[PDB]
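**Q** Below is one structure. I have some questions about it.
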Amino acid sequence: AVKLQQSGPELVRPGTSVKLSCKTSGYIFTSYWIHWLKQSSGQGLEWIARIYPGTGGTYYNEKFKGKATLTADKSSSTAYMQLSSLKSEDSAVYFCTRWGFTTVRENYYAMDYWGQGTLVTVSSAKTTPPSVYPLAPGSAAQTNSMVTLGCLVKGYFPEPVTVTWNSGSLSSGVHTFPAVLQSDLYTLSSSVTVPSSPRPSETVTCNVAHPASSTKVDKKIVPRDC
Amino acid sequence: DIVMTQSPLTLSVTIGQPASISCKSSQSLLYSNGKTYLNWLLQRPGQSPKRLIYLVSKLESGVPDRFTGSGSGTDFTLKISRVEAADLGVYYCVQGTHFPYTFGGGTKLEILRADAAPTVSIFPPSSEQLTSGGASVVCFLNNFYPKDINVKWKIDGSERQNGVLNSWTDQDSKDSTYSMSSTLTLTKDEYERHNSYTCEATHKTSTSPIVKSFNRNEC
Ligand SMILES: O=C(O)CNC(=O)CCCP(=O)(O)OCc1ccc([N+](=O)[O-])cc1
C-alpha cells in the first residue's frame, strides 16, 4: 500500500527557516522522482522542485531557486524540503507527490500519490490556545429523534485546530465549520448528531488539539442542571 | 513560463447534465517527439489534487468513461458527459511541455441539486463561558440546498443584537447539501437582560419559518 506522510502545521517567525518532510512507504523510494508543490491563496498552485532519491539529482523552478532546497534520506525513505528567510508571502499549503512520470522517451505514467499537506504560517503574532465550550441543548428538549451536540472552539491563533469526537470513535455525522478570522483571532465550531439512545447515558467528549501551542482540551458534553 | 488560462471561473451543473472546462495556453505545447504534455487534475473538498487525464486524452486508471480529454494547438478541453455528485471539485490543467510547469487557475464545479429544507438547532451559552463575561448563542443549520439561506436572530421578540457571524461548509460529494453555523455573540450583560432567543430560517424568500428557540431562566 503506497503512503506519503507529511510533517505537521508549522508556525514560523519571519526571516527564520523551516524544514518539511515527506515519508514514503509501500513503494521503492529511490526508483521515483518526488515533486513538491505550493498552494497559496491568490498565487494558487505552483510547481517548486523535484528530486530523484536514487541519484540525489534535483531540479528547481527558477522562481524558488535559493528559497527551497531538497534532500532525501534513503534509510528512512523520507524526503525533505527546506524554506529559507520566510516572509508573509511564504504562508501556504505545501504538498509532496510521487507524480509518476518517467522520461520523454518512456512516456510512461506510474500512478501518482500525494501527501496530505502542510500548512505553513509565517507570522510574528503570539500563539493563543483556544477556549473550548461544550454546548448542550435544553428546554422542551432539542433534536427529537437524532440529537445534535456541539463544541465551540473560541479565540485562537493560528490555525489549524483538530476537532474530533470520542477520539475518532464517533466519525459519522460530524460537521466542522471553517474558522473565521475576527479580531486577529479565530473561532470555529462542530456538531455531532447522535441518536437519543446514547445521549443521556453514554459519554460524549469534544477533543480539540492546538498544534501551534502543544495544547489538548477534552470537554465532556453535559446536559443542563438548573 | 507559459500561461494557462481557464474558464469558466466556476460553474453549476444539474446532476445528469454535461460540463466543459476550457484551458487555453500562451504557447504551443507540442514537443519535439510530437507529444503534447497536457494533464487535468481534480482536488475534491478536503483532499489533495489527483491526476485524471495525461497526454491530453489518456484517462487514468479508475477515471470514469464520462470524462473526455481533448484539444489541439493551444486550446484544450475537458468534457464531462453525465455529471454525478462525486465530481465536485476544482479542476486544474497543467502544461508539462516547457520546464516551469504551470497550472490553470482552476474551475469550481458546483452540483445543482433540488431544494432541501434545513434542520435548525439552537444552543444556549455554556455556563463556563458566562464566567468570563461573554455569551455566544449558537445555531446549527444543516443539510440544505441551495447555498445562500437567510438566518434571523430575534432577541426578546425584537430584531438582532450584538452582531452575528456565519459560516458554511463545502457541498457534500455524497448527497449534495450544505451546512452553516450562525453564532450570536453578546456580552454577559446583554444576555442577562433578555430572556427569549430565536433562530428563524427563510428558505430564500418570504416570512421566515423553521424556527427554534429557548428561554433563558426556564432552562
Ligand atoms: O522537462 C522538460 O524539459 C521536458 N518536458 C517534460 O519532461 C514533460 C513532463 C510531463 P509531466 O509529467 O506532465 O510534467 C509536468 C508536471 C509535473 C508535475 C505536476 N504535479 O502536479 O506535481 C504537474 C505537471
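Naming works like this for the C-alpha cells: A, B, ... for the chains as they're shown, residue 1 at the start of each chain, ligands 1 onward in shown order.
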Taking the chain letters and numbering used in this document, name the residues of segment 65-124 of chain A that DSSP puts in strand (DSSP E), as a PyMOL selection string.
**A** chain A and resi 68-73+78-84+92-98+113-114+118-122
**Q** Could you give me, as a list in words, the residues within 6 Å of segment 148-154 of chain A, counting only C-alpha atoms and dropping anything in the same chain fewer than 4 positions from it?
**A** residues 130, 131, 132, 133, 134, 135, 187, 188, 189, 190, 191, 192 and 193 of chain A
**Q** If we count only C-alpha atoms and set the cut-off at 8 Å, which residues sit around segment 149-154 of chain B, ignoring sequence neighbours fewer than 4 positions away in its own chain? Please answer as an mmCIF file with N, CA, C and O atoms, in the first residue's frame.
**A**
```cif
data_model
loop_
_atom_site.group_PDB
_atom_site.id
_atom_site.type_symbol
_atom_site.label_atom_id
_atom_site.label_comp_id
_atom_site.auth_asym_id
_atom_site.auth_seq_id
_atom_site.Cartn_x
_atom_site.Cartn_y
_atom_site.Cartn_z
ATOM 1 N N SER B 158 -37.635 40.978 19.487
ATOM 2 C CA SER B 158 -37.247 42.023 18.545
ATOM 3 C C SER B 158 -36.136 41.561 17.608
ATOM 4 O O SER B 158 -35.775 40.388 17.620
ATOM 5 N N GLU B 159 -35.607 42.499 16.817
ATOM 6 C CA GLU B 159 -34.530 42.276 15.833
ATOM 7 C C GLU B 159 -33.278 41.572 16.361
ATOM 8 O O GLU B 159 -33.322 40.818 17.333
ATOM 9 N N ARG B 160 -32.170 41.797 15.658
ATOM 10 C CA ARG B 160 -30.871 41.238 16.021
ATOM 11 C C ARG B 160 -30.398 41.964 17.264
ATOM 12 O O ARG B 160 -31.065 42.858 17.789
ATOM 13 N N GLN B 161 -29.184 41.608 17.664
ATOM 14 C CA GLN B 161 -28.477 42.283 18.729
ATOM 15 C C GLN B 161 -27.106 41.690 18.983
ATOM 16 O O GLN B 161 -26.871 40.500 18.824
ATOM 17 N N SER B 182 -24.498 29.608 12.720
ATOM 18 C CA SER B 182 -24.674 31.028 12.975
ATOM 19 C C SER B 182 -24.428 31.264 14.451
ATOM 20 O O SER B 182 -25.072 30.649 15.304
ATOM 21 N N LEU B 184 -24.310 34.050 17.515
ATOM 22 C CA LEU B 184 -24.686 35.361 18.042
ATOM 23 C C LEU B 184 -23.864 35.582 19.308
ATOM 24 O O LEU B 184 -24.003 34.835 20.274
ATOM 25 N N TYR B 197 -34.766 33.795 23.061
ATOM 26 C CA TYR B 197 -33.853 33.878 21.925
ATOM 27 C C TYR B 197 -34.336 32.934 20.825
ATOM 28 O O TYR B 197 -34.586 31.751 21.087
ATOM 29 N N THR B 198 -34.476 33.453 19.603
ATOM 30 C CA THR B 198 -34.933 32.633 18.489
ATOM 31 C C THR B 198 -33.997 32.631 17.283
ATOM 32 O O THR B 198 -33.269 33.600 17.035
ATOM 33 N N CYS B 199 -34.105 31.553 16.504
ATOM 34 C CA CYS B 199 -33.327 31.315 15.282
ATOM 35 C C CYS B 199 -34.328 30.892 14.205
ATOM 36 O O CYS B 199 -34.913 29.804 14.284
ATOM 37 N N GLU B 200 -34.609 31.809 13.285
ATOM 38 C CA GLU B 200 -35.532 31.567 12.179
ATOM 39 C C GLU B 200 -34.719 31.375 10.909
ATOM 40 O O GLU B 200 -33.640 31.951 10.771
ATOM 41 N N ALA B 201 -35.268 30.624 9.961
ATOM 42 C CA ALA B 201 -34.585 30.378 8.693
ATOM 43 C C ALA B 201 -35.499 30.539 7.469
ATOM 44 O O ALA B 201 -36.400 29.725 7.237
ATOM 45 N N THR B 202 -35.256 31.589 6.687
ATOM 46 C CA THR B 202 -36.039 31.873 5.486
ATOM 47 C C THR B 202 -35.441 31.158 4.278
ATOM 48 O O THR B 202 -34.314 31.449 3.872
ATOM 49 N N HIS B 203 -36.205 30.237 3.698
ATOM 50 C CA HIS B 203 -35.748 29.480 2.541
ATOM 51 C C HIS B 203 -35.783 30.406 1.328
ATOM 52 O O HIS B 203 -36.767 30.440 0.582
ATOM 53 N N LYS B 204 -34.695 31.156 1.160
ATOM 54 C CA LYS B 204 -34.508 32.115 0.071
ATOM 55 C C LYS B 204 -35.323 33.385 0.339
ATOM 56 O O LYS B 204 -34.735 34.445 0.588
ATOM 57 N N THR B 205 -36.656 33.285 0.272
ATOM 58 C CA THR B 205 -37.526 34.445 0.490
ATOM 59 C C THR B 205 -38.729 34.176 1.404
ATOM 60 O O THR B 205 -38.861 33.089 1.961
ATOM 61 N N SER B 208 -39.936 34.140 7.292
ATOM 62 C CA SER B 208 -39.140 33.115 7.957
ATOM 63 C C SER B 208 -39.731 32.078 8.902
ATOM 64 O O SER B 208 -40.155 32.398 10.002
#
```
**Q** When you count only C-alpha atoms and all ligand atoms, which of these residues is closest to ligand 1: A:43, A:103, A:82, A:24?
**A**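 Closest residue, counting only C-alpha atoms and all ligand atoms: A:103.
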**Q** Check which residues fall inside 10 Å of ligand 1 when counting only C-alpha atoms and all ligand atoms, and print them as a ChimeraX atom specification.
**A** /A:33-38,45-50,59,95-105,107-109,112-114 /B:29,31-32,35-41,49-51,53-56,92-103
**Q** Taking only C-alpha atoms into account, report as JSON, numbers by chain which residues of chain B lie within 9 Å of chain A.
**A** {"B": [33, 35, 47, 48, 49, 50, 51, 54, 60, 61, 99, 100, 101, 102, 103, 104, 105, 106, 119, 120, 121, 122, 123, 124, 125, 126, 127, 128, 129, 136, 138, 140, 142, 165, 166, 167, 168, 169, 179, 180, 181, 212, 213, 214, 215, 217, 218, 219]}
**Q** Output the selection as a compact mmCIF listing (two decimals), in the first residue's frame - N, CA and C atoms for each residue.
**A**
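Output file part.txt is given in full below:
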```txt
# COMPACT_ATOMS: atom_id res chain seq x y z
N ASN B 33 9.30 15.33 -29.79
CA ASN B 33 8.84 13.96 -30.00
C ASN B 33 7.40 13.87 -30.51
N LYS B 35 4.86 14.88 -29.02
CA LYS B 35 3.98 14.68 -27.87
C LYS B 35 3.50 16.01 -27.28
N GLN B 47 -9.29 17.33 0.08
CA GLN B 47 -8.32 16.36 -0.38
C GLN B 47 -7.24 16.99 -1.26
N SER B 48 -6.20 16.21 -1.55
CA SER B 48 -5.10 16.67 -2.38
C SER B 48 -5.48 16.50 -3.83
N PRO B 49 -4.77 17.19 -4.74
CA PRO B 49 -5.07 17.07 -6.17
C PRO B 49 -4.79 15.65 -6.64
N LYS B 50 -5.46 15.22 -7.70
CA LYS B 50 -5.29 13.88 -8.24
C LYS B 50 -5.30 13.96 -9.76
N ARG B 51 -4.45 13.17 -10.42
CA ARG B 51 -4.40 13.17 -11.87
C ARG B 51 -5.59 12.41 -12.47
N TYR B 54 -3.85 12.35 -18.63
CA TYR B 54 -2.50 12.72 -19.02
C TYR B 54 -2.42 12.60 -20.54
N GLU B 60 -6.83 8.11 -16.62
CA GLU B 60 -6.03 7.36 -15.66
C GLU B 60 -6.82 6.16 -15.15
N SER B 61 -6.13 5.20 -14.54
CA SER B 61 -6.76 4.00 -14.01
C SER B 61 -7.76 4.40 -12.93
N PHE B 99 9.67 23.59 -19.25
CA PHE B 99 10.15 23.44 -17.87
C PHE B 99 9.35 23.97 -16.68
N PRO B 100 9.29 25.30 -16.49
CA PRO B 100 8.49 25.69 -15.32
C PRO B 100 7.06 25.27 -15.59
N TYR B 101 6.71 24.08 -15.12
CA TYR B 101 5.38 23.53 -15.30
C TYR B 101 4.43 24.55 -14.70
N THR B 102 3.34 24.84 -15.39
CA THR B 102 2.40 25.83 -14.89
C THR B 102 0.97 25.28 -14.87
N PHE B 103 0.18 25.79 -13.94
CA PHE B 103 -1.20 25.35 -13.77
C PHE B 103 -2.21 26.41 -14.23
N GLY B 104 -3.46 25.99 -14.33
CA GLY B 104 -4.52 26.91 -14.68
C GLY B 104 -4.97 27.44 -13.33
N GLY B 105 -6.00 28.28 -13.30
CA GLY B 105 -6.47 28.81 -12.04
C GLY B 105 -7.58 27.97 -11.42
N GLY B 106 -7.94 26.88 -12.08
CA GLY B 106 -8.99 26.03 -11.57
C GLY B 106 -10.35 26.55 -11.96
N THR B 119 -32.21 21.73 9.01
CA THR B 119 -32.54 21.26 10.34
C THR B 119 -31.86 22.22 11.31
N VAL B 120 -32.65 23.09 11.94
CA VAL B 120 -32.14 24.08 12.89
C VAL B 120 -31.93 23.50 14.29
N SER B 121 -30.90 24.00 14.98
CA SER B 121 -30.55 23.61 16.34
C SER B 121 -29.94 24.84 17.00
N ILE B 122 -30.53 25.30 18.10
CA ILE B 122 -30.03 26.47 18.81
C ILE B 122 -29.47 26.01 20.16
N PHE B 123 -28.37 26.61 20.59
CA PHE B 123 -27.71 26.23 21.84
C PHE B 123 -27.47 27.45 22.71
N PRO B 124 -27.82 27.36 24.01
CA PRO B 124 -27.61 28.49 24.93
C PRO B 124 -26.14 28.54 25.32
N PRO B 125 -25.63 29.73 25.70
CA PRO B 125 -24.23 29.85 26.09
C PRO B 125 -23.90 28.86 27.19
N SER B 126 -22.65 28.42 27.23
CA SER B 126 -22.23 27.48 28.26
C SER B 126 -21.95 28.31 29.52
N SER B 127 -22.30 27.76 30.67
CA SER B 127 -22.08 28.43 31.95
C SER B 127 -20.62 28.80 32.09
N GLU B 128 -19.76 27.93 31.57
CA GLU B 128 -18.33 28.11 31.59
C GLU B 128 -17.99 29.44 30.91
N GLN B 129 -18.60 29.70 29.75
CA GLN B 129 -18.34 30.94 29.03
C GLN B 129 -18.86 32.15 29.80
N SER B 136 -22.06 33.35 23.69
CA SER B 136 -22.25 33.01 22.30
C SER B 136 -23.36 31.99 22.18
N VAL B 138 -25.31 29.69 19.86
CA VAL B 138 -25.05 29.05 18.57
C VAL B 138 -26.26 28.38 17.95
N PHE B 140 -27.07 25.78 14.67
CA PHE B 140 -26.59 24.99 13.55
C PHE B 140 -27.70 24.71 12.55
N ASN B 142 -28.17 22.77 9.20
CA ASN B 142 -27.52 21.90 8.24
C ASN B 142 -28.34 20.95 7.40
N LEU B 165 -22.19 36.16 13.34
CA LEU B 165 -21.11 35.69 12.47
C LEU B 165 -21.57 34.35 11.85
N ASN B 166 -21.39 34.18 10.54
CA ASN B 166 -21.85 32.97 9.84
C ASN B 166 -20.76 32.18 9.12
N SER B 167 -21.00 30.89 8.90
CA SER B 167 -20.02 30.02 8.23
C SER B 167 -20.62 28.76 7.62
N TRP B 168 -20.41 28.60 6.31
CA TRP B 168 -20.92 27.45 5.57
C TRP B 168 -19.79 26.47 5.32
N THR B 169 -20.17 25.28 4.89
CA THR B 169 -19.21 24.24 4.57
C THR B 169 -19.23 23.99 3.06
N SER B 179 -24.20 23.09 4.98
CA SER B 179 -24.29 23.21 6.43
C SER B 179 -23.69 24.55 6.83
N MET B 180 -24.35 25.21 7.77
CA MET B 180 -23.92 26.51 8.25
C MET B 180 -24.09 26.58 9.78
N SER B 181 -23.34 27.47 10.40
CA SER B 181 -23.37 27.66 11.83
C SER B 181 -23.45 29.16 12.03
N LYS B 212 -36.37 27.78 15.83
CA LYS B 212 -36.01 27.02 17.01
C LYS B 212 -35.67 28.10 18.03
N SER B 213 -35.97 27.84 19.30
CA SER B 213 -35.68 28.83 20.33
C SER B 213 -35.69 28.25 21.73
N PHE B 214 -35.09 28.98 22.66
CA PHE B 214 -35.03 28.57 24.05
C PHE B 214 -35.36 29.78 24.89
N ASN B 215 -35.61 29.54 26.17
CA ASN B 215 -35.94 30.61 27.09
C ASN B 215 -34.95 30.60 28.24
N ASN B 217 -33.39 31.38 31.87
CA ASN B 217 -34.00 31.19 33.18
C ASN B 217 -34.72 29.84 33.17
N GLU B 218 -35.80 29.74 32.41
CA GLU B 218 -36.54 28.49 32.30
C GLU B 218 -35.75 27.56 31.37
N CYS B 219 -34.67 26.98 31.90
CA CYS B 219 -33.83 26.07 31.13
C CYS B 219 -33.03 25.18 32.08
```
**Q** From a DSSP calculation on the backbone, collect every residue of segment 3-215 of chain A in helix (DSSP H, G or I) and output the set as a list in words.
**A**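 Taking segment 3-215 of chain A and keeping helix (DSSP H, G or I) gives residues 29, 30, 31, 62, 63, 64, 88, 89, 90, 166, 167, 168, 211, 212 and 213 of chain A.
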**Q** Take the residues just selected and output them with C-alpha atoms as an mmCIF file, in the first residue's frame.
**A**
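Saved as result-v9.cif:
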```
data_model
loop_
_atom_site.group_PDB
_atom_site.id
_atom_site.type_symbol
_atom_site.label_atom_id
_atom_site.label_comp_id
_atom_site.auth_asym_id
_atom_site.auth_seq_id
_atom_site.Cartn_x
_atom_site.Cartn_y
_atom_site.Cartn_z
ATOM 1 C CA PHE A 29 11.709 5.094 -2.599
ATOM 2 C CA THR A 30 14.865 5.518 -4.709
ATOM 3 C CA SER A 31 13.223 4.474 -8.023
ATOM 4 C CA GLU A 62 13.631 29.205 -11.315
ATOM 5 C CA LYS A 63 11.169 31.154 -9.136
ATOM 6 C CA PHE A 64 12.080 29.195 -5.984
ATOM 7 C CA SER A 88 4.302 36.647 4.705
ATOM 8 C CA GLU A 89 4.446 35.645 1.027
ATOM 9 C CA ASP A 90 5.595 32.147 2.059
ATOM 10 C CA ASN A 166 -14.638 10.475 21.261
ATOM 11 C CA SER A 167 -11.132 10.407 19.798
ATOM 12 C CA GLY A 168 -12.330 9.439 16.350
ATOM 13 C CA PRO A 211 -0.624 22.042 17.292
ATOM 14 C CA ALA A 212 0.898 25.563 17.345
ATOM 15 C CA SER A 213 0.623 25.652 21.153
#
```
**Q** How far is it from atom CA of residue 76 of chain A to atom CA of residue 9 of chain A, in Å with one decimal?
**A**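 Separating atom CA of residue 76 of chain A from atom CA of residue 9 of chain A is a distance of 21.1 Å.
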**Q** Quick one: pull the distance between atom CA of residue 10 of chain B and atom CA of residue 89 of chain B, Å, one decimal.
**A** 10.1 Å
**Q** Using only C-alpha atoms, which residues sit within 7 Å of segment 64-76 of chain B once same-chain residues fewer than 2 positions away are excluded, as a VMD selection string?
**A** chain B and resid 22 to 25 27 to 29 53 56 to 58 62 78 to 82
**Q** Show which residues sit within 8 Å of residue 162 of chain B, as a list in words. Count only C-alpha atoms, and ignore same-chain residues fewer than 5 positions away.
**A**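 Contacts, with the query itself left out: residues 184, 185, 186 and 187 of chain B.
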